[PDB]
Each structure stands twice: as structure tokens, then as C-alpha cells.
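Chain nomenclature is as follows: A, B, C, D and E, assigned in order of appearance, with residue numbering initiated at 1 for each chain independently.
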Amino acid sequence: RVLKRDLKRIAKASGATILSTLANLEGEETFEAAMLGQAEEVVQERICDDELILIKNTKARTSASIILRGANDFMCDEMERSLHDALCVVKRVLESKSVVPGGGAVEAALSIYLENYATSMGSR
Amino acid sequence: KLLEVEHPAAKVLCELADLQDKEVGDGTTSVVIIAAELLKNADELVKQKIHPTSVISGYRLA
Amino acid sequence: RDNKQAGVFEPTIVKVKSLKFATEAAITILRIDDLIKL
Amino acid sequence: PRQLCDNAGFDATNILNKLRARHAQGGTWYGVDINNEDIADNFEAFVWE
Amino acid sequence: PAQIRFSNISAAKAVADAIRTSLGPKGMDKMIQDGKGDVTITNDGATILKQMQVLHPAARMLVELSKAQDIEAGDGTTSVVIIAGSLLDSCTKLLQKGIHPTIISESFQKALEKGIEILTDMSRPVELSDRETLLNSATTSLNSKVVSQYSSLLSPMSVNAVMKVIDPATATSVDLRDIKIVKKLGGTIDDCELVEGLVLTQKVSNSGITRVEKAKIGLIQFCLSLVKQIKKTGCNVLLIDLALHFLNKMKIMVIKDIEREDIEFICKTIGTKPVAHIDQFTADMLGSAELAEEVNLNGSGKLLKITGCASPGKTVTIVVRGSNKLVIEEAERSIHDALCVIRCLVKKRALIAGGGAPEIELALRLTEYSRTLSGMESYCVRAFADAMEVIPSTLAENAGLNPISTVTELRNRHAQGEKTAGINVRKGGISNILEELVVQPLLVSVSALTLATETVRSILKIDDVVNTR
């Protein structure tokens, strides 16, 4: 009873292929050495109220997980959207190959240089 | 996207939202406040006996 | 405050294309000198 | 210097844009000329106050 | 009669007051709103006057005046409307003093014939056989148009096209009907192909061979909706689902869905004629060709390349590719503007400067000829010279300078110098026009003077209007 969207990140982790049907159009085969990946260690860690399954050192995943252990559902649901909002701030900066200090620092510095440049040209 | 003003001057600023998300994906309303204040300062130049041809060629070098 | 200490950073392509698109939009409206309706 | 170009019939924007460019280079005594339609050093031309 | 004379002038003055701001490359843009509520943003003066929807007959004659310049020259549409309206402005001051319009009409013809010989001696003659002078003059006017980065490549495509149809320095009149430009989606303008025969953008679907050597083409007009009499002459290419099966058994290429405007183009390439019926369809109405196939190019698509006409006829065709559909429709007009500018030199092998340059010497020398004349030729010809200064006065307005002080400084430059001085709209100032590479042919100015004078003579000859049912 594993979710479908969770399995798309698992098959992308170990580099395995998702098999929709086991029947190979005339019989039944398991497609050996095709739908299998590689890993190192899978431990069933004792986490309170949900015993989770962690995977370590897959083929090409680069992803992780943050276990937001708390007290109730009020503080855990608000902290999950806080982690998602803080993820996209650091993500959108460290993509594009160079950055600039913004938030009013760009236009305030341009208001002084372009005025001194305006007095250097003339000609209407 | 939901603002519908039936005016051709306001219809010009509708298409720059489509050129902003397809280029980078962010920035959209910072283009609008800059370009409208660009038009308001240039409108004061028209009353000060300046032709807009010097305003257009001066804006591309700025 | 200093943006280097606070870590407030913006990409360059959102700052370059904003000044590029806003002046080309201000050019097109400033080139309008006559109105024709049908 | 703007109303001095308006009352003399000169181009008020063509002189004042070249007058501020002359002051930006280091000209401290450059102003408008009532005879010629260009800028000139008023200290050298004996236009004093 | 004065209520109808001033009504024709003030209606024509309102037309010239709108189109004058779109003069030059730095002209002001316009906002056109049709009756259905849409908006269109464009600055072409021939496009604005088509969507003006005027109702006065004096304003409707300026619409026919705008189309009269594009058929003989193909360049300078908005330059004719400004001098036509400003001439009636100077005629309004003459009509207040008590002059009959039939004296101003004959005096404007003497100002026209004197205006031709002034522009003749001040022009620079060029050689038609030299393709280098034809290349730089064509890429000069194309730099101010929409397609400006491909002007150095599209200009030799128009030079080599006219040299295959028109013999150099022998023919005067060039018809622009027998030339065709095709366009397809995908590809680039950098790759070009000059086909001496014909090209169609249709397909050979569903004939599954698409390659025929030793081909004779017969244009069929009777719609097949019979095949043995086609095979009686041995025809292999036909030009127009149950009819598809029998034609494939007879091994004949089937190409259909052809516009009637393209039918006349096939009549001059190979020498074939459209048939009327099957019993009339014989071997006397067909042609001969050595190649007829569909080449699947990477950018040009599936085009029909037919070469080897071996018949009398002067046709050549240019294959143009390009990425966007809005680019290739402007690229077709880019070569068409290059096709028309070579047509201006084959009738008048001369060049003049641009940017308000020849209008200064046209206004100064006609004033000196008006000082020696008498009668009404001392006032109306002097008013003809005063209305020739509206072109540099409007070009100084669109350049961002003073409209009075630029033309006044140009009049002193032409009094001691020549036609080199003028207004440069790229740098925004008075400079040598021949050094900044801005040239125009002779017929863009000498026919704009002729058509605007004939319109004013047609306007001043109208005394009263009458309704008819």
C-alpha cells in the first residue's frame, strides 16, 4: 500500500524503472536486471507514531528528508509550509549563475550614478 | 491576469506579464511601477517643450 | 542594513530584464501621437 | 539661466543642457551670452556682478 | 463657388496633418481603432490611409494618390501627402488675394518642369551595369525598414534576380508581375535559392513517386470528380479520393489546390496554357521540362522544384526560408522593397541624397527662378518653393531638433555648398548625408513632385459639387 507519487521518487532514486504490468504481452516475466537499482542500507528507524523507512546511498537521488517532530498537528502543519517557503528562497538565488543584492539596493545605487552620467553627455 | 481594463494604453501593460514569466518567471509588477513612473516623468517633459524623440533615444542609453 | 550580512539577494536576470522590458514598454506608449477608432 | 534664454529668444533647452555639462567638467564662471547663441565664460567676457 | 473651393482645401489639409508625424524612421507611432472595437499599432503611412475611411471626395483623391506612388516607384508614400496638403495651405493665402485657380494650375506646371531640371543637374548619375552600386543603394533603404539585419544579404538576392529577367542597360520598363517570392515556416533567411523555373508550395500527395524526369506539364481546369486521354499525350505532371487510385496506375504526378493568381505565373515560365476540356486537351497546349520533383529540405519544407524550361520567357523565382510566420511576411516585403528600388534606377540612372537634402535646393533655386518670372509666376511659384520646405521642417521635428533653426541652417549650407548637407535622423544633427550612407533614387522625388502637382491641379479645377441619383 505504497503511494504512487512516493514511488516515482523512489524509482528515480535508485535509477529503477516502474513496471506497470507483469505480463510481457504473451506470458509472465519479472524483467530481471532492468527494474532493479542499487543502495547501501535500509533501516526501519523507530519514530514515534509512524515507523518510517529510510534509504541511504542510492544511485542518483540527491534528496533527503526532514522529520519535523513536534507536539501537535497545529505546530507541525505551520512548520512544514515554513520549511517549504524557506527552501524556495535559497533555491531561486543559488540557481542563476550570479546574483545581485536587491530589495532597493539596486535602484538606490543607480539613482546616483545615472545622474552623474547624465551631466557627462548633454546634447538634449 | 484578472485585471480587465478596456483601454489600449492599459492593454500595453497586459502583454509584459507574458514576457516576464516566459523569460525568467518572476519580477512582473516591478516592471509596471517603473514603466508607469517613466511615463509620468516623461509627460512632464512634454509640457517643458521637449520632443519625445530625445526622450526615447535618451532612455535606451540610460 | 547591509544585504551581504542579511543575505537578501536577487538574481541578475530578474533585475536586467526588468529594466530592459520597462523601457521598451515606455517607448511604445510614448510613440503614440494620434488615436483612430472605427 | 532658464528665463535668460527665454527672454532672449534662444533655445532654452539646448543652452541649459550644454551649460550644466560645462559646469560638470569644472567650469565655474560659464553662463549664457546675450549676443551669441552659445555659452561663454562671463568672467573673461567681463559680465560681472 | 468659394464655399466648395475652401472645403476641398481644409479637408485635404486635415489628411496631411495626420500623416506628417509618421515621416522618417524616427516618426511617431499611431493608434488605430476600428469599428468593431479592436486596436492596431502600426506606423506605415500607406496602412493608415487605407484604414482612415474618409468620405469626402477631396480626401478620397489623396487615397488614390497614395496608391499611385506605390505602383510606379514603390517607395515614399507619406512624402506625397505632406507636400500635397501644404501646397493647398500656401494656395489658401493666394486665393485670399484674388487669384483664379486656373492660373495657379498652369503656373504649378511651370514650377514642376523647372523643378525637374533643378533635380536633374543636382543628381549623381550611376551605372546600371555595375552590381556594386545596385547593392549598396538597395541595402541603404532596407536599413530603415522592419527587416534591417538581413539587408546585407537580401540585397544581392534582388540584384541577381533582375539581371536574369531584364537585360542590363537595354530595357526601360520592368513589369513586377512575373517575379515571385515564396515563404515557408522553418529555416532561416541566411539560406537562399534562385530558381529559374517555378516553385509551388503545394504537395504531390498522394502520388507516391514524387520524382519525374522528362516531364510535360498540362494545366487542367476541368475538375476530375477520362484518364486514358491524358495518357494519350504522355503527360506526367498535372496541375489542378476515387480519382487518386486510377491516376496512380497511369503513373502521373498529381498536384492540386492552386490559386488562380499562380496560374498566370505558370503560363510565363514554361509556356503552357490552361485547358478548358478533355477533348481540347492535346499535345499542342503542353510544355517541356527536364526536372519536376519535391525536395524535402530541412527548412524550406516540401517544395516543388521545376527547372529547365527550354522555352522563350523571362522568369526567375527566389526561395526564402524563415522561423516565424510574422518574419517571412515582412521578409517578402523586404525583397519587394529591394525589387522596387532597382526598378527606380532602370528608368533613371541617377541617385540623390535623402533626409530633407534635395528639398533645400528645390526651395532655394526655384525662388531664384521666380525672381525673373512675371505674371502669376512670381507669387505662385514662390509659394511652390515655400511649400517644398515642409519636408525638412517635419523631418527636423521627428529628429528632436528645432523645426525652424534646422531648415534655416540648411538653407545657408546649400547656398554656398551642395546637396551633401542635410538632416541625419540616426545621430540627430546636421551632417553630410553622403558620409552617413543615406541615398534615395531619382523617381522617388521626381514622381512625387509630378503626382502631387497633378492632384493640386485636379483639386483647384473643382468648382462645385453635385449629387446624383
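Heads up, the rule we're going with is that a residue touches a chain if its C-beta (ideal position, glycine included) is under 8 Å from a C-beta of that chain, and two chains touch if they have at least 3 such contacts.
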Farthest-lying chain, centroid of Cα atoms versus that of chain E: A
Contact-richer chain pair [B-C vs B-E]: B-C
Closest chain to global C-alpha mean, per-chain Cα centroids: E
Separation of mean Cα positions, chain E and chain A [Å, integer]: 59
Whole-Å gap between the CA centroids of chain A and chain B: 37
Approximate Å spacing (C-alpha centroids) for the pair chain C, chain E: 38
Residues of chain D touching at least two other chains: 13-14
Per-residue overlap in chain A, given as positions that touch at least 2 other chains: 92, 121, 123-124
Of all residues in chain E, the ones touching two or more other chains: 28, 31, 33, 400, 428
Chain A to chain B touching residues, read off their complex: 92, 114, 117-118, 121, 124
Residues of chain A that touch chain C when the two form their complex: 92-93, 95-96, 98-103, 105-106
Chain E residues touching chain B - in the complex, by the definition given at the top: 26, 28, 31, 33, 39, 397-400, 428
Partner chain B, residues of chain D touching it in the complex: 12-13
In the complex, chain C residues that touch chain B: 11, 13-15, 17-19, 21-23, 25-32
